[PDB]
């Protein structure tokens, strides 16, 4: 889109409509006449724009009014309420900009925010830019979170986030113009190679994919329409329904063979019924002719009766002879009808073992997308975030993604090697207890006005707790943690001295022998300037290949590359790296998913802050003190980076509105 129009769409906002969030802060306007709304909506879109064409400099309010035109600049309390709402929610002035008015000499309020994962720094940049004092507690010796960039020598390769899922309304678009990010386009051609090491026939490759999507769509219509959603008392997983669709389809190839082979016995037993009338005329003809010959034996002259016995036997045999040609005429239409029914037989199989094994790979691609076996995804809700896809081709960062958190961490107070342990939140404030990871012996106490927990959903899930909440998190939160899904996928990085793959393909598949191994090393990526290949390990294989040493994996890896490109063309890798995200201390998994029995409405329970009870009985219900960010908190954008960054912007807006007031609301 184009103009103050595309501004609103690039900020994920309906250009012609006021949102639930703006109704909150401008309930006068949304309640008011439709004219005033359009002057708001234009100011909102005009501001959003101004921020977006130049996002390396702050957008002061004074700067906004000046560039804005009449009649829309006639009102300046409105232009202030708009600009102040935007800046507070990260729609303008977020990320790494240059300040115009530098920071207040004296700060206000204290937040301790746990984890410098990307959602983490997202808030700390915003909380700090609102003149708060932010300190940042990170258990690693690095700032990335699940954004992890391997770098040895010239080689660069992401074992965590890799792909910008398209700049069409992506906040990550804003960061790219702000940060030096080399954004490489990803070309969508993916050649599947079966286990042998040779390519799938271009006709098979379209027949399987097209089938796989029709089976997917089936579960959708199975789910949202036929309402097949509980079976035997449990919720249906996409895995189950995907299978139930196939048995209704392996049933149908057989309902159609039975119907066709039963139409052959329909007419094979009309031919039988016909050839019986025809053998029984051949024989009524045999005897008549016999009788008619013996009637010509009487030599003329003959009395008239014995003349009729020749003519009658002649009329009788020409009549019974006429019937038989009708019955070998009818046998004619059947003999070719029967050779054509048998000649166009229905589908002999539903899917072959060669066919299903390629169907597998499309399920591995689903298991990558979702970091879990399809047996665990919720059938109804797994794709519930679909509506918010970004438009545009996907990309990758050729100098590595880490380059982004690292950028987002400049100017910020970050304590590394600091494993939070207990969160203590009370009506009067918060203390957070942290050890040093290196010595586990230095203990730290951090007191603060509120705590922002960007603790990955797997950490939060961990039994026994890696972090103790004091007081315990309310049941409605902990149940939302149990119900949710934190899943697994891993990455094998392969690092060679020379480019032996096809340089002009970014990514290609490998097709799995079993269903069980459908996850195992099922997809490869060539992305970086250096000879680098990169293998996904999703599915059930994800969690399994963690119990198997690096070499066995890089073995199975080179095994695949050999079959596919020829033993001789596959050198040894100079450097190799397997990820173990399910075993990583401060991850416990890869990213979240909508587990069966979960909804996206758990993603929203996840983000409701915690208000501690009254300290003194009968004291006024306090301020909320414990806030949650992270990719597992943002319903409309789960399990991405941009979704995490977005959540940190959210809370930082929420934390400021609670502790610095919201002056834009009268």
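Numbering follows the first chain given and starts at 1.
Taking the PDB entry as given, 64 to 72 carries the higher mean Cα B factor of the two stretches 634 to 642 and 64 to 72. The stretch with the higher mean CA B factor, choosing between 364 to 372 and 522 to 530, is 522 to 530. The PDB entry assigns its highest CA temperature factor, among 443, 454, 165, 280, to 280. For the set 320, 139, 594, 91, the maximum C-alpha B-factor listed in the entry falls on 320. The deposited CA B-factor of residue 28 belongs to the middle third of values across its chain. For residue 660, the recorded CA B-factor ranks within the lowest third of the chain. Only modelled residues enter the ranking.
Per-chain ranking of the deposited C-alpha B factor places residue 589 in the lowest third. In the deposited entry, the Cα temperature factor of residue 114 places it in the lowest third of its chain's modelled residues. Ranked by Cα temperature factor within the chain, residue 57 sits in the highest third according to the deposited record.
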